[PDB]
>>> print(open('my_file06.cif').read())   # mmCIF, N, CA, C and O atoms
data_coords
loop_
_atom_site.group_PDB
_atom_site.id
_atom_site.type_symbol
_atom_site.label_atom_id
_atom_site.label_comp_id
_atom_site.auth_asym_id
_atom_site.auth_seq_id
_atom_site.Cartn_x
_atom_site.Cartn_y
_atom_site.Cartn_z
ATOM 1 N N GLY Z 1 37.855 -25.674 -44.735
ATOM 2 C CA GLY Z 1 38.472 -25.287 -45.978
ATOM 3 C C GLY Z 1 38.002 -26.169 -47.084
ATOM 4 O O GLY Z 1 36.822 -26.127 -47.456
ATOM 5 N N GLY Z 2 38.876 -27.023 -47.567
ATOM 6 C CA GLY Z 2 38.509 -27.967 -48.599
ATOM 7 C C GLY Z 2 37.886 -29.190 -47.974
ATOM 8 O O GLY Z 2 38.378 -30.316 -48.141
ATOM 9 N N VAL Z 3 36.847 -28.938 -47.215
ATOM 10 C CA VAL Z 3 36.125 -29.926 -46.468
ATOM 11 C C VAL Z 3 34.962 -30.456 -47.300
ATOM 12 O O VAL Z 3 34.129 -29.689 -47.817
ATOM 13 N N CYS Z 4 34.929 -31.735 -47.448
ATOM 14 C CA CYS Z 4 33.960 -32.384 -48.283
ATOM 15 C C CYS Z 4 32.715 -32.775 -47.508
ATOM 16 O O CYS Z 4 32.801 -33.423 -46.489
ATOM 17 N N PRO Z 5 31.523 -32.401 -47.999
ATOM 18 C CA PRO Z 5 30.252 -32.785 -47.360
ATOM 19 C C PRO Z 5 29.967 -34.282 -47.547
ATOM 20 O O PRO Z 5 29.064 -34.854 -46.927
ATOM 21 N N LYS Z 6 30.754 -34.888 -48.408
ATOM 22 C CA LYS Z 6 30.659 -36.285 -48.739
ATOM 23 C C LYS Z 6 31.313 -37.169 -47.664
ATOM 24 O O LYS Z 6 31.713 -36.689 -46.589
ATOM 25 N N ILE Z 7 31.403 -38.437 -47.957
ATOM 26 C CA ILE Z 7 31.952 -39.426 -47.050
ATOM 27 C C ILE Z 7 33.474 -39.544 -47.269
ATOM 28 O O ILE Z 7 33.978 -39.160 -48.340
ATOM 29 N N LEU Z 8 34.193 -40.017 -46.247
ATOM 30 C CA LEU Z 8 35.632 -40.248 -46.328
ATOM 31 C C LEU Z 8 35.941 -41.183 -47.493
ATOM 32 O O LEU Z 8 35.428 -42.313 -47.568
ATOM 33 N N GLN Z 9 36.759 -40.727 -48.391
ATOM 34 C CA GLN Z 9 37.058 -41.474 -49.564
ATOM 35 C C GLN Z 9 38.530 -41.347 -49.879
ATOM 36 O O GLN Z 9 39.139 -40.320 -49.595
ATOM 37 N N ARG Z 10 39.094 -42.410 -50.392
ATOM 38 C CA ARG Z 10 40.485 -42.472 -50.793
ATOM 39 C C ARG Z 10 40.656 -41.723 -52.089
ATOM 40 O O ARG Z 10 39.707 -41.600 -52.866
ATOM 41 N N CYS Z 11 41.826 -41.249 -52.328
ATOM 42 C CA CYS Z 11 42.104 -40.525 -53.543
ATOM 43 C C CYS Z 11 43.276 -41.151 -54.245
ATOM 44 O O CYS Z 11 44.282 -41.484 -53.611
ATOM 45 N N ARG Z 12 43.136 -41.397 -55.515
ATOM 46 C CA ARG Z 12 44.273 -41.836 -56.304
ATOM 47 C C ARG Z 12 44.799 -40.621 -57.075
ATOM 48 O O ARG Z 12 45.961 -40.541 -57.453
ATOM 49 N N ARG Z 13 43.897 -39.682 -57.286
ATOM 50 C CA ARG Z 13 44.180 -38.400 -57.910
ATOM 51 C C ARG Z 13 43.132 -37.404 -57.438
ATOM 52 O O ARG Z 13 42.231 -37.781 -56.686
ATOM 53 N N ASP Z 14 43.216 -36.173 -57.893
ATOM 54 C CA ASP Z 14 42.279 -35.118 -57.455
ATOM 55 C C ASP Z 14 40.931 -35.258 -58.132
ATOM 56 O O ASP Z 14 39.899 -35.149 -57.488
ATOM 57 N N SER Z 15 40.946 -35.559 -59.431
ATOM 58 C CA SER Z 15 39.721 -35.747 -60.231
ATOM 59 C C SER Z 15 38.945 -36.984 -59.751
ATOM 60 O O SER Z 15 37.784 -37.204 -60.115
ATOM 61 N N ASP Z 16 39.608 -37.776 -58.937
ATOM 62 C CA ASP Z 16 39.068 -39.010 -58.397
ATOM 63 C C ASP Z 16 38.136 -38.691 -57.240
ATOM 64 O O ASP Z 16 37.311 -39.510 -56.835
ATOM 65 N N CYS Z 17 38.260 -37.490 -56.742
ATOM 66 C CA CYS Z 17 37.444 -37.015 -55.673
ATOM 67 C C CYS Z 17 36.406 -36.033 -56.238
ATOM 68 O O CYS Z 17 36.744 -34.915 -56.630
ATOM 69 N N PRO Z 18 35.141 -36.465 -56.343
ATOM 70 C CA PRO Z 18 34.056 -35.644 -56.893
ATOM 71 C C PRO Z 18 33.760 -34.393 -56.056
ATOM 72 O O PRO Z 18 33.799 -34.427 -54.814
ATOM 73 N N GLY Z 19 33.454 -33.311 -56.736
ATOM 74 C CA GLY Z 19 33.150 -32.070 -56.082
ATOM 75 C C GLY Z 19 34.394 -31.284 -55.802
ATOM 76 O O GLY Z 19 35.411 -31.473 -56.468
ATOM 77 N N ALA Z 20 34.360 -30.450 -54.784
ATOM 78 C CA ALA Z 20 35.508 -29.603 -54.420
ATOM 79 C C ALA Z 20 36.538 -30.401 -53.621
ATOM 80 O O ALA Z 20 37.362 -29.846 -52.883
ATOM 81 N N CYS Z 21 36.514 -31.675 -53.814
ATOM 82 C CA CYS Z 21 37.369 -32.575 -53.118
ATOM 83 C C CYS Z 21 38.652 -32.799 -53.880
ATOM 84 O O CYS Z 21 38.636 -33.166 -55.045
ATOM 85 N N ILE Z 22 39.746 -32.553 -53.240
ATOM 86 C CA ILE Z 22 41.029 -32.820 -53.825
ATOM 87 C C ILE Z 22 41.696 -33.928 -53.047
ATOM 88 O O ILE Z 22 41.213 -34.308 -51.983
ATOM 89 N N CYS Z 23 42.776 -34.414 -53.551
ATOM 90 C CA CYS Z 23 43.511 -35.497 -52.938
ATOM 91 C C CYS Z 23 44.485 -34.909 -51.925
ATOM 92 O O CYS Z 23 45.026 -33.817 -52.143
ATOM 93 N N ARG Z 24 44.661 -35.565 -50.807
ATOM 94 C CA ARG Z 24 45.567 -35.078 -49.791
ATOM 95 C C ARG Z 24 46.691 -36.090 -49.583
ATOM 96 O O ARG Z 24 46.566 -37.273 -49.965
ATOM 97 N N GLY Z 25 47.753 -35.646 -48.937
ATOM 98 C CA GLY Z 25 48.919 -36.476 -48.661
ATOM 99 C C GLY Z 25 48.609 -37.662 -47.766
ATOM 100 O O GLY Z 25 49.355 -38.638 -47.740
ATOM 101 N N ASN Z 26 47.509 -37.572 -47.031
ATOM 102 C CA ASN Z 26 47.071 -38.645 -46.133
ATOM 103 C C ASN Z 26 46.604 -39.871 -46.931
ATOM 104 O O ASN Z 26 46.512 -40.969 -46.388
ATOM 105 N N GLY Z 27 46.316 -39.670 -48.214
ATOM 106 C CA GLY Z 27 45.893 -40.760 -49.064
ATOM 107 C C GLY Z 27 44.403 -40.776 -49.260
ATOM 108 O O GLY Z 27 43.838 -41.737 -49.810
ATOM 109 N N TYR Z 28 43.758 -39.738 -48.808
ATOM 110 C CA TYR Z 28 42.337 -39.615 -48.921
ATOM 111 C C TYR Z 28 42.009 -38.278 -49.506
ATOM 112 O O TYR Z 28 42.896 -37.432 -49.678
ATOM 113 N N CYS Z 29 40.768 -38.078 -49.820
ATOM 114 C CA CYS Z 29 40.316 -36.827 -50.357
ATOM 115 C C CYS Z 29 40.255 -35.784 -49.239
ATOM 116 O O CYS Z 29 40.603 -36.080 -48.084
ATOM 117 N N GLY Z 30 39.896 -34.553 -49.605
ATOM 118 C CA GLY Z 30 39.657 -33.500 -48.625
ATOM 119 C C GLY Z 30 38.806 -33.984 -47.476
ATOM 120 O O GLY Z 30 37.818 -34.697 -47.698
ATOM 121 N N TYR Z 31 39.226 -33.629 -46.263
ATOM 122 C CA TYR Z 31 38.596 -34.076 -45.031
ATOM 123 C C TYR Z 31 37.095 -33.886 -45.075
ATOM 124 O O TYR Z 31 36.612 -32.809 -45.436
ATOM 125 N N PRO Z 32 36.345 -34.942 -44.779
ATOM 126 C CA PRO Z 32 34.901 -34.891 -44.779
ATOM 127 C C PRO Z 32 34.325 -34.007 -43.654
ATOM 128 O O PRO Z 32 35.007 -33.684 -42.679
ATOM 129 N N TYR Z 33 33.064 -33.640 -43.822
ATOM 130 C CA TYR Z 33 32.295 -32.761 -42.931
ATOM 131 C C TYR Z 33 32.315 -33.232 -41.478
ATOM 132 O O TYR Z 33 32.239 -32.413 -40.547
ATOM 133 N N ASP Z 34 32.454 -34.522 -41.294
ATOM 134 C CA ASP Z 34 32.489 -35.132 -39.973
ATOM 135 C C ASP Z 34 33.804 -34.854 -39.242
ATOM 136 O O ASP Z 34 33.927 -35.157 -38.061
ATOM 137 N N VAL Z 35 34.779 -34.294 -39.941
ATOM 138 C CA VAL Z 35 36.033 -33.877 -39.333
ATOM 139 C C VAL Z 35 35.871 -32.418 -38.891
ATOM 140 O O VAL Z 35 35.978 -31.501 -39.708
ATOM 141 N N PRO Z 36 35.600 -32.176 -37.597
ATOM 142 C CA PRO Z 36 35.233 -30.845 -37.106
ATOM 143 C C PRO Z 36 36.414 -29.898 -36.925
ATOM 144 O O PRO Z 36 36.238 -28.691 -36.832
ATOM 145 N N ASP Z 37 37.609 -30.439 -36.906
ATOM 146 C CA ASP Z 37 38.799 -29.630 -36.690
ATOM 147 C C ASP Z 37 39.384 -29.138 -38.000
ATOM 148 O O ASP Z 37 40.374 -28.401 -38.013
ATOM 149 N N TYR Z 38 38.774 -29.513 -39.096
ATOM 150 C CA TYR Z 38 39.233 -29.070 -40.385
ATOM 151 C C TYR Z 38 38.188 -28.174 -41.034
ATOM 152 O O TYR Z 38 36.989 -28.421 -40.905
ATOM 153 N N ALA Z 39 38.642 -27.148 -41.709
ATOM 154 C CA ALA Z 39 37.803 -26.245 -42.421
ATOM 155 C C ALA Z 39 38.551 -25.801 -43.656
ATOM 156 O O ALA Z 39 39.766 -25.611 -43.616
#
>>> encode(input="my_file06.cif", output="structure tokens")
Amino acid sequence: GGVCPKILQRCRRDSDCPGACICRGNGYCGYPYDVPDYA
């Protein structure tokens, strides 16, 4: 889904995550590509 091709990154806000990356409740941006169970 909102899976980021980028690296695991923390989010302070949504705009803080470049690309289609939004901030998640986990405290990080949209799950990176290396997370295979997320789409």
>>> closest_residue(input="my_file06.cif", among="Z:16, Z:28, Z:34, Z:23", to="residue 4 in chain Z", atoms="only N, CA, C and O atoms")
Z:34
>>> atom_distance(input="my_file06.cif", atom1="atom C of residue 20 in chain Z", atom2="atom O of residue 5 in chain Z")
11.0 Å
>>> select_by_dssp(input="my_file06.cif", residues="chain Z", states="strand (DSSP E or B)", output="PyMOL selection string")
chain Z and resi 4+10+23+28-29+32
>>> resolve_selection(input="my_file06.cif", expression="the PyMOL selection byres ((chain Z and resi 1) around 4.5)", output="number ranges by chain")
Z: 2-3, 38-39
>>> atom_distance(input="my_file06.cif", atom1="atom C of residue 25 in chain Z", atom2="atom O of residue 11 in chain Z")
8.2 Å
>>> atom_distance(input="my_file06.cif", atom1="atom C of residue 27 in chain Z", atom2="atom O of residue 9 in chain Z")
5.3 Å
>>> closest_residue(input="my_file06.cif", among="Z:37, Z:19, Z:32, Z:26", to="residue 7 in chain Z", atoms="only C-alpha atoms")
Z:32
>>> axis_aligned_box(input="my_file06.cif", around="range 11-19 of chain Z", padding_each_side="5 Å", output="AutoDock Vina command-line options")
--center_x 39.6 --center_y -36.6 --center_z -56.3 --size_x 22.8 --size_y 20.6 --size_z 17.9
